Structure formats: C-alpha cells, structure tokens
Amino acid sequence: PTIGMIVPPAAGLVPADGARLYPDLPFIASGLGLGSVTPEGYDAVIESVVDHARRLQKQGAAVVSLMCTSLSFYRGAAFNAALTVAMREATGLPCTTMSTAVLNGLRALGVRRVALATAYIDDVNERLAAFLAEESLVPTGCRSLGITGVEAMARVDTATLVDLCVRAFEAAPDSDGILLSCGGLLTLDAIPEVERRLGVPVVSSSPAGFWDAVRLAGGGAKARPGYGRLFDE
C-alpha cells in the first residue's frame, strides 16, 4: 500500500529519518513549500495541506500523513485534529500527522511522564510541552541541541543525540520515557543506545511518523529490527 506524506519543503522529498525502517515500502511525498513549519495563517495552512493531500490521493496514496511534528503541534490539539479531519474529508483516505504518531508511540510504550530532547527553539519547545499536557502526558523537562544552519546540523552524529537524551533524563529523573524530536536529524541508531544506557523507552518523532503511517495503512509490514522497543514491537 502506498503511503502519502505531506512535507514542509517545496520540493516534496520523503523525510530521511525513519525511511530506513521500511526499505521495501512505497512512499510518495508532496511539498507544501511553507517557508515555515510553524506558519501564520490558520486557514491558508489547512487549505494547502488539503490541496497537497488531494495531490497525494491522485497519485495512489492509501493513506496520508502530514509529516511534520511542529506544524501539527504548534497550535495545540484542536489544530492537529482540524488538520486530520480536513485531510480525511478532502481525500476519503485515513489521514494522520506526525504529532498523532508521537502520541501513539508514547501510549504504546506506556509513557506518561515524558522528558523532551529536541532541536527546537524555546517557544516551540513550549508549544510541544503544551500539546503533550493537553493529551494527558506530563512533560517533565526539556534539553535542546541549540544549533542552526546546515553546517551544524551536518555535524550532529549519533553520540550527540545519545548525550542529549541522557542529559534530558538526568535533569528529569522521574520520567517514564523520552521524546526525541530532532527535526531533520538522523536518530534511529540513537534510540536503542539510549534505551540501553537508561532503561527507559524512547520515541523519535520522524521515525514514529513512518511507523504510524505504516500502521494506519494496515498492510502488516514490520519495521526492521534493532531500533528500539517501539519498533521491535
């Protein structure tokens, strides 16, 4: 079953982080050309998201995921829902979003006290914490990479992301689990290393997006093994 993904950039490229989980599966992307991942224009955003969902339906997608965490959480639960309802009505397909994916992953692992490890700015981390509070999770703290530009993003490796999660956890030792939400960075290998070092499960947002969209498409394909408890499943 073909999985459709709506993405932030104009070019319409399948996200790199998570694709490794499903090497045999067909993924098609359609680019919003947003200029932001946290845009102004409540109606305009819904409108472009609808337009792009319809483009994906015409290309044979069996489901559509809005594959951007920030865009789906920055205006809280009411907006994540509005996005989902608008896509499904315009397409007749089951639709979902990366923020729903994250919720779904955290629930599957039993997490309700969640430490945040992100690459976002303060205001954005605050909106994330607010979204998760609305969904009956307790955000217990946050540590962020605090980097910008391709150069610095390029310089991130697995170790950087593992250390990030350990930091976030040390700071919030009461946490049930960790949400790694590091848009644009490669996180898969970090997941089971963090779970080993800490004994607490990790959800990574982009990989959760792939997993959740693959679940929704209901084909039964399993993620490649070795990428943490959620995906070992």
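Numbering starts at 1 and runs along the sequence shown.
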Would you determine, from the values in the PDB entry, which of 134-142 and 81-89 has the greater average C-alpha temperature factor?
134-142
Averaging only over Cα atoms, indicate whether 144-152 or 112-120 has the higher B-factor in the PDB entry.
144-152
Please pick out which of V45, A62, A53, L164 has the largest Cα B-factor as recorded in the entry.
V45
Within this chain, which third does the Cα B-factor at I6 fall in: lowest, middle or highest?
lowest
Among modelled residues of the same chain, the CA temperature factor third for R127
lowest
CA B-factor ranking of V37, expressed as a third of its chain:
highest
Using the B-factor values recorded in the entry, state whether the Cα atom of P192 falls in the lowest, middle or highest third among the modelled residues of its chain.
middle
Relative C-alpha B-factor of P207, binned into the chain's lowest, middle or highest third:
lowest
